[PDB]
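Descriptive analysis of the structure
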Amino acid sequence: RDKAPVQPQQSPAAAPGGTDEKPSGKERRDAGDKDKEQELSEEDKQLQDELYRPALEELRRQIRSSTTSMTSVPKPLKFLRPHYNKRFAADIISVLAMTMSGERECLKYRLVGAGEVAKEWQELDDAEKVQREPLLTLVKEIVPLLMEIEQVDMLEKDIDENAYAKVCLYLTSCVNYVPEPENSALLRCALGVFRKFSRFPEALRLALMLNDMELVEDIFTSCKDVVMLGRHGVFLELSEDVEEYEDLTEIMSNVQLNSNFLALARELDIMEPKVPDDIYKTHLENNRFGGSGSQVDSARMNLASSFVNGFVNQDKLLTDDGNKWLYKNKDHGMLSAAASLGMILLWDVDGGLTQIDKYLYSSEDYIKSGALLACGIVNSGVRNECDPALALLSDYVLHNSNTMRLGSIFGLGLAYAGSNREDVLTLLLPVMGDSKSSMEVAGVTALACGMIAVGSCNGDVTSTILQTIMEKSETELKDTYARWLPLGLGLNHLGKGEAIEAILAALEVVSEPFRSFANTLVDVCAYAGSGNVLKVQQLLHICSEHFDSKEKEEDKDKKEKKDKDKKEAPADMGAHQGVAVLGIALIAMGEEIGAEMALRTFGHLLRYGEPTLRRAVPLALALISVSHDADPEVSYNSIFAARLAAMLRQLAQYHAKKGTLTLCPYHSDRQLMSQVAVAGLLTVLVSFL
Amino acid sequence: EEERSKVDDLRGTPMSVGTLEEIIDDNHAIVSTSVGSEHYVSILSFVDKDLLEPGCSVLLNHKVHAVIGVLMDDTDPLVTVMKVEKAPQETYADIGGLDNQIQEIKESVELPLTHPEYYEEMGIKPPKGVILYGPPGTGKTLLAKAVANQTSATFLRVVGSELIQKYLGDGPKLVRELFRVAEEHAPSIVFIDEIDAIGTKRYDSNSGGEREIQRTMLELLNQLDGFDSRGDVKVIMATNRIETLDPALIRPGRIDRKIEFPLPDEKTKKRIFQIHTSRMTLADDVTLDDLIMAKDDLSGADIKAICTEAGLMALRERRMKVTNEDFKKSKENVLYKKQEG
């Protein structure tokens, strides 16, 4: 109707006209009024007036909430103590209490730091449990633990909307936009409601982000309570890091309850179903052995081809293909070929000893040292290959068993990940105290103790890596030491959630840009990735640093950091000119499934002229795809037809055919512009089943 | 560095716009540009002397008229009619129950680009394209297939031979560039909607006779035949009347595929209907089944557009909710639309 009968009712100040007009306005409050509430300029004078004055607070929050305010709007509701499935309930509850209580939670969440906003927050939580459309109420009620009692208060009936919808969008947006400390509340209260619930790989991805040891005991009494079985042994062992299968095999070495979790969840039963079934359902032919194994000769390309043939795995045929192929081979390639029988067969525990045993203790140092390297390759649960190598290791400067130290300290780094294995590190004290002029002694020292030490409890600054810091800064020689020791330093820094070890090594370490490059290595490895863009604008500024190798690793951190929100991962690094930066993006594509935009970047990155960068393209190019596939390969044949390029092409052919185990060895590969002695360890980036 | 501050004087002060025409094989390029002015340019920079090619434009000095640089300029009606871009939001999950029809073209939309390997592992080379058809008026339901194909590569949809029939040939030529600019955009996909060539008879503007319109379609395939073109542009083609097309279009391509569009059945109409009313809130008495259960031989467009009549009166009352009391009674209007119209 017209506002002529109802409009001058705001003019009197008598109590009965208010106490019946406000219930009369409550009936018309289903649409608020006729219109956009142009009573405001006349009824804002009624502020100073004071029985049913909380109903006057309802009118006042109704009209101030009706037009616009950020702090004075929820003040009549916090003064009101709301009192006295509907359209009106959707109005004053849904949009008005959602937006109004939302700005009260934001304004007091940023302002003060009461219980009133907790009571209103639980009331709105209950009202949106009535409304039952989550998603927006949830993401609003994150920013007020509050979210803990919100989840256990909310979770009674609906499982997959809160679990799938809430835990999907808030897990992804929590690692994406939100900083870290509330993600622990996600993980713990999600451990509560998922502890109530079935389909346990939600809790196993909670074990992925948590890395908790109680969780695997609860999910093994519960996932033994739910008797597939060896398959969750498989992605259990794939999912788990270095620590919790050794803590798991020690507390389950105590209890075990059927001993089949000691069978599955240490080793050997992720791997017993696969390799026969790998032979069975797949049938791989011979003309890539012969054709791709025919790609000419030259003891390099041929040597690489042995590696390519070797990583073929239809039987361990290229293993037992005669003799005179390794006799053509030379020292560090003899390491690569002695380890290549390791690479053909990362299973066959009993067959590993009886195949490598001919090449064990042979006439050649590289055959025996790469042979124990192969013993470290084939398995990770044997630990009886240690002692024939372990006993020999000491040489005190540069004898044979230091190369067995390289293959056996590295291959034993492949072998075990304990709570903290300490006996092998007490063996590692005369290794770094030995300090051979061979790089990969301290190389596989840092990398191997890092593989022992990735997933440490927020890292540690213990005397192991503290000792290799002090003995690192002891000798400033052969800067590959100053690169690959901060490798294993940052590997021990992995396992962090909140580590101040960048500040600790910042105080101990920093100097002339060898150890400032150590500073940027700890800066890389301590910062795995979250919504933490301040180090990304730090990346923007110190990306322009005149020393152009802290540029290399510091800009190289990007594929670790933004690996999930990968749409921003295309950047203009190719549009820059510091050619190692084009190398950095060339790393940053990598190996996943590799969409058309990535191969489109390999359109330009495929065509470059420097042999380390033209060498650098087919590696990640054929890692990212594990004609179509062979079309860029024959395009590389069109590129060259140097020797490096030929080797790079061979590597690409090999490629053609946050788990830390796939995170380490390519950052171990990042110093490739060097000797084949370095490439003797190039075959230790064991990141594929 | 210094070269930039050196040849700018030779360029300087201004430079004209020429039209690249022909070459003396010594690389002295004879051009006809307004008005018909020639020149001879063998100059060392920025060329790429070969590929600038006859039938293009150049930029000439004043003294004396040497082309020091070239451009690719469009704009033009050529590039404009192909694009942009788009990828509308609809998907191939929208049309259910016909999956047997799209699962056929699934490998046809998939195998090029995505999942290419078993094409060349078989090595049998099936890059033959597709043809489409169906009753009564369909092909936007096939656009519901085509709106899904936007997830891969790049696409252009064209309608008819109309650009030829607007005037005496003119040849195919506007189709020629549209065919060979798809080579410029290759790999891509191009589709022509509901070929009306001899299906429809009369022309707009001036055209004739039959043979010049017959041959511009005959050249359409004969250019696509082709001699000898690998270029894809995987060719999608459709007309809802299989009669009027010259049957010889099938054998060169697409040979293997012309999709048959089945008319909707009872449960397909049920599968289709709720996708619309999912967003439009129905009242309590509204039921999907009974209405379309009694109604026969509908179209997906109608069963989509039957909800719009309730989007009037309920929106005339400004109501978010559909009412079957209207949706029944208002359906008579769309029923009157099919019955009397």
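Residues numbered from 1 in each chain as written, not as in the entry; some residues may be left out. Chains lettered and ligands numbered in written order. Part of a larger assembly, values for the part shown. Heavy atoms only, no water.

Going by the header, the method for this PDB entry is cryo-EM, and the resolution given is 7.0 Å.

1. Some details on the overall build of chain A
For clarity, the threshold we go by: Under the DSSP-based scheme used, a helix requires at least four consecutive residues in state H or I and a strand at least two consecutive residues in state E, with every element numbered from the N terminus. Relative accessible area decides the class of each residue, using a 1.4 Å probe on protein chains only: under 20% of the type maximum gives buried, over 50% gives exposed, and in between gives partly exposed. In short, Shrake-Rupley with a 1.4 Å probe defines the accessible areas, and a residue's cover is counted only from the protein chains shown. We count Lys and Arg on the positive side and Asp and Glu on the negative side, and we leave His and both chain ends out. Charge placement uses NZ in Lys and CZ in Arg. For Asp and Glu, CG and CD serve respectively.
For chain A, the helix and strand inventory stands at 41 helices and 0 strands. A principal-axis box enclosing the C-alpha atoms of chain A has dimensions of 110 × 60 × 55 Å. When each of the 689 residues of chain A is scored for burial, the buried share is 45%. Split by element, the accessible area of chain A, about 37300 Å² in all, is 57% carbon and sulfur. If the 74 positive side-chain charges of chain A are averaged to one point and the 103 negative ones to another, these points end up 4 Å apart.

2. Let's talk about the overall build of chain B
For clarity, the threshold we go by: Radius of gyration: over C-alpha atoms. The globule rule applied is 2.2 Å multiplied by the number of residues raised to the 0.38 power. We call two residues contacting when some pair of their heavy atoms lies within 4.5 Å.
When helices and strands are counted, chain B shows 12 helices and 11 strands. The C-alpha radius of gyration computed for chain B amounts to 27 Å, which surpasses the reference 20 Å derived for 341 residues by more than 25%, pointing to a less compact arrangement than a globule. When the backbone C-alpha atoms are referred to their principal axes, chain B occupies close to 85 × 50 × 50 Å. In chain B, which comprises 341 residues, the proportion classed as buried is 33%. Considering only intrachain contacts with a sequence separation of at least 6, the fraction spanning at least 24 residues in chain B is 73%. By element, 55% of the accessible surface of chain B is carried by carbon and sulfur atoms, the whole surface being about 22200 Å². Between the centroid of the 44 positive side chains of chain B and the centroid of its 60 negative side chains there is a distance of 7 Å.

3. Comments concerning the interface of chain B and chain A
Note the threshold: In short, buried area is how much 1.4 Å probe accessible area vanishes from two parts on joining, totalled over both. Any pair of N or O atoms that falls within 3.5 Å is considered a polar contact. Within protein, one atom must be able to donate a hydrogen and the other to accept it, and sequence-neighbouring residues count only if both atoms are side-chain atoms. Here the term charged refers only to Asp, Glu, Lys and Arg, the term nonpolar to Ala, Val, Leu, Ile, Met, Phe, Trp, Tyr, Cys and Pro, and the term polar to all other amino acids, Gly among them.
Across the contact, 5 residues belong to chain B and 4 residues belong to chain A. Here chain B and chain A share an interface that buries about 350 Å² over both sides, 50% of which is from carbon and sulfur atoms. The interface formed by chain B and chain A includes 2 residue pairs in polar contact. Taken together, the residues that form the side of chain B that touches chain A break down as 4 nonpolar, no polar and 1 charged.

4. Some points on the pattern of salt bridges
As a reminder, the rule being used: Salt bridges are defined by distance alone: a side-chain nitrogen of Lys or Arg within 4 Å of a carboxyl oxygen of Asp or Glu.
Taken as a whole, this structure holds 27 salt bridges over all chains when the rule is applied. Linking A:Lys129 and A:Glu156 is a salt bridge whose minimum nitrogen-to-oxygen distance equals 3.2 Å. The class for A:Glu156 is exposed, based on a relative accessible area of 53%. Of the charged contacts, one joins B:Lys106 and B:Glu110 as a salt bridge, the two residues approaching to 3.0 Å between their closest N and O atoms. A residue pair is termed a helical-turn pair when its members lie 3 or 4 positions apart in one helix, as B:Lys106 and B:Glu110 do in helix α3 (residues 99–110) at 4 residues. Classification of B:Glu110 as partly exposed rests on a relative accessible area of 24%. Salt bridges linked by common partners bring A:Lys3, A:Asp33, A:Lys34 and A:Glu39 together as one network.

5. Observations regarding helix α38 (residues 631–640) of chain A
Residues and elements named next belong to chain A. Rules: When we speak of the arc, we mean the arc of directions from the helix axis to the C-beta atoms.
Buried residues of α38: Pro-632, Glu-633 and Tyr-636, and no others. Looking straight down α38, one finds that the buried residues subtend no more than 105° of arc, so they occupy a single side. The exposed residues of α38 that point more than 90 degrees off its buried face are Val-634 and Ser-638. In this structure, the buried side of α38 is in contact with α35 (596–606), α37 (617–623) and α39 (643–656).

6. Things to note about the sheet that holds strand β6 (residues 155–159) of chain B
Working definition: the strands of a sheet are paired by backbone hydrogen bonds and lie parallel or antiparallel to each other. All names here are of chain B. Here is the rule: For two strands to be treated as a pair, DSSP must find no fewer than two bridges joining them.
Across the sheet, which stays open at both edges, the 5 strands sit in the order β6-β7-β8-β5-β9 with parallel pairing between neighbours. Sheet topology places β6 and β9 (258–259) at the edges, where each strand pairs with a single neighbour. When strand β7 (residues 189–193) meets strand β8 (residues 234–238), the two strands line up parallel, connected through 4 bridges. By the bridge assignment for β8, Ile-192 is matched with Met-237.

7. Topic: the packing of aromatic side chains
For the record, the criterion: Geometry of aromatic contacts follows a simple scheme: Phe, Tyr and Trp rings, the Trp one being its six-membered ring, pair when their centres are within 6.5 Å, and the pair is stacked under 30 degrees between planes, edge-to-face over 60, tilted otherwise. Two conditions define a charge located above a ring, namely a distance within 6 Å from the ring centre to NZ of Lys or CZ of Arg, and an angle within 35 degrees of the ring normal.
Counted by the stated rule, this structure contains 5 aromatic pairs over all chains. Arranged with centres 6.3 Å apart and planes meeting at 75°, the rings of A:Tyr52 and A:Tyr84 form a pair that is edge-to-face. Here A:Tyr84 lies in the loop between α4 (75–78) and α5 (87–111) and A:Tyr52 lies in the loop between α2 (40–43) and α3 (53–67), a separation of 32 residues in the sequence. What makes A:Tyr52 partly exposed here is its relative accessible area of 47%. An angle of 55° between the planes, with centres 5.9 Å apart, marks the rings of B:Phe273 and B:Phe327 as tilted. Of this pair, B:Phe273 sits in helix α9 (residues 266–277) while B:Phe327 is found in helix α12 (residues 324–339), placing the two residues 54 residues apart along the sequence. By relative accessible area, B:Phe273 is classed as buried at 5%. Members of the aromatic cluster, joined through ring pairs, are A:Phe307, A:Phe311 and A:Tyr654. The residue whose ring lies beneath A:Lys196 is A:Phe197, and the NZ or CZ to ring-centre distance is 4.3 Å. Geometry around A:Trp325 places A:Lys328 over its ring, the cationic atom sitting 4.9 Å from the centre.

8. Let's talk about unusual backbone geometry
A cis geometry characterises the amide bond from B:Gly169 onward to B:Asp170, with omega recorded as 0°. Mapping B:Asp170 onto the fold places it in the loop between α6 (162–165) and α7 (173–184). For the bond running from B:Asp232 to B:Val233, omega is 0°, close enough to zero to count as cis. Looking at where B:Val233 falls in the secondary structure, it is placed in the loop between α8 (210–224) and β8. Phi at A:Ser259 is positive, roughly 65°, even though this residue is not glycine. In this fold, A:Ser259 is placed in the loop between α14 (244–254) and α15 (260–264). One non-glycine residue, B:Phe46, lies in the positive phi region at around 70°. Positionally, B:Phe46 belongs in the loop between β2 (28–30) and β3 (59–60). Looking at B:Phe46, the relative accessible area reads 52%, which means it is exposed.

9. What to know about the pairing of β7(B)
Put simply, side chains in a regular strand alternate between the two faces of the sheet. Residues and elements named next belong to chain B. Using the following cut-off: Clockwise travel from the first strand over the helix to the second, with the strands pointing away from the viewer, marks a crossover as right-handed.
In terms of burial, β7 is largely enclosed, as 4 of its 5 residues are buried. Sheet analysis places β6 next to β7, joined by 5 bridges and oriented parallel. Residue pairing in the sheet places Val-158 in a bridge with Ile-192 of β7. Since β7 and β8 lie parallel, the crossover through α8 that links them has a hand, and here it is right-handed.

10. A word on the packing of α3(A) against α5(A)
All names here are of chain A. Here is the rule we go by: Between the N-to-C directions of two axes lies an angle of 0 to 180 degrees, each axis being a line fitted to C-alpha atoms and, for a helix, fitted only over the stretch in contact. Oblique is the label for every angle not falling under 35 degrees (roughly parallel), over 145 degrees (roughly antiparallel), or within 65 to 115 degrees (roughly perpendicular). Crossings are classed by handedness, with left-handed meaning an anticlockwise turn of the near helix from the far one by less than a right angle and right-handed meaning a clockwise turn.
The contact between α3 and α5 brings their axes to 11 Å, and the two run at 70°. One finds that α3 runs roughly perpendicular with respect to α5. You can see that α3 and α5 cross each other, and the crossing is left-handed. Note on element contacts: α5 touches α3 through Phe-88, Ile-92, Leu-96 and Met-100, opposite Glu-58, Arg-61, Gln-62 and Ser-65. Split into classes, the residues belonging to the contact of α3 with α5 amount to 4 nonpolar, 2 polar and 2 charged.

11. Digging into the UniProt feature "binding site: ATP" in chain B
Residue and element names in this part refer to chain B. Formally: UniProt positions are given in the numbering used here, feature names are shortened, and annotations may be inferred rather than shown by experiment.
Under the feature "binding site: ATP", the UniProt entry names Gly-134, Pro-135, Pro-136, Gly-137, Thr-138, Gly-139, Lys-140 and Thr-141. For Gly-134, the position within the fold is in the loop between β5 (130–132) and α5 (143–149). Assessed through its relative accessible area of 2%, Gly-134 is described here as buried. Here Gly-139 lies in the loop between β5 and α5. Residue class for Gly-139 comes out buried when judged on its relative accessible area of 8%.

12. Remarks on the packing of helix α22 (residues 365–378) of chain A against helix α24 (residues 403–415) of chain A
All names here are of chain A. The N-to-C vectors of α22 and α24 enclose an angle of 5°; their axes lie 7 Å apart at closest approach. Taken together, the axes of α22 and α24 lie roughly parallel to each other. Listed contacts from α24 to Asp-365, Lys-368, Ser-369, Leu-372, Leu-373, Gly-376 and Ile-377 of α22 are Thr-403, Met-404, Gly-407, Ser-408, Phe-410, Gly-411, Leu-414 and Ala-415. Along the lines of polarity and charge, the residues of the contact of α22 with α24 split into 7 nonpolar, 6 polar and 2 charged.

13. What about the state of the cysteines?
Residue and element names in this part refer to chain A. Test applied: The disulfide criterion is simple: two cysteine sulfur atoms within 2.5 Å.
Evaluation of the coordinates by the stated rule reveals 0 disulfides over all chains. With no disulfide partner, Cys-168 has as its closest neighbouring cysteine sulfur the one in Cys-174, 13 Å distant. Classification of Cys-168 as partly exposed rests on a relative accessible area of 38%.

14. Some points on a nonpolar patch on the surface
To keep it simple, the criterion reads: Patches were defined on residues exceeding 30% relative accessible area and lacking a salt bridge, with like-charge contacts within 9 Å and nonpolar side-chain contacts (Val, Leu, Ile, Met, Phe, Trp, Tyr) within 5 Å.
Among the surface-exposed residues, A:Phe235, A:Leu238, A:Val626, A:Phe688 and A:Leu689 lie close enough to one another that they form a single nonpolar patch of about 510 Å² accessible area. Within the secondary structure, A:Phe235 is located in helix α13 (residues 229–239).

15. Concerning helix α27 (residues 463–474) of chain A
Residues and elements named next belong to chain A. How we decide: Take the residue count of a helix, subtract one, and multiply by 1.5 Å to get its expected span.
For α27, which comprises 12 residues, the first-to-last C-alpha distance of 15 Å matches the rise-based estimate of 16 Å (1.5 Å per residue) to within 8%. Three or more residues of α27 are buried, namely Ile-465, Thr-468, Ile-469 and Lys-472. One side of α27 carries all its buried residues, which in axial view fall inside an arc of 110°. Its buried side turned inward, α27 meets α25 (423–432), α28 (481–493), α29 (501–509) and α30 (513–525).

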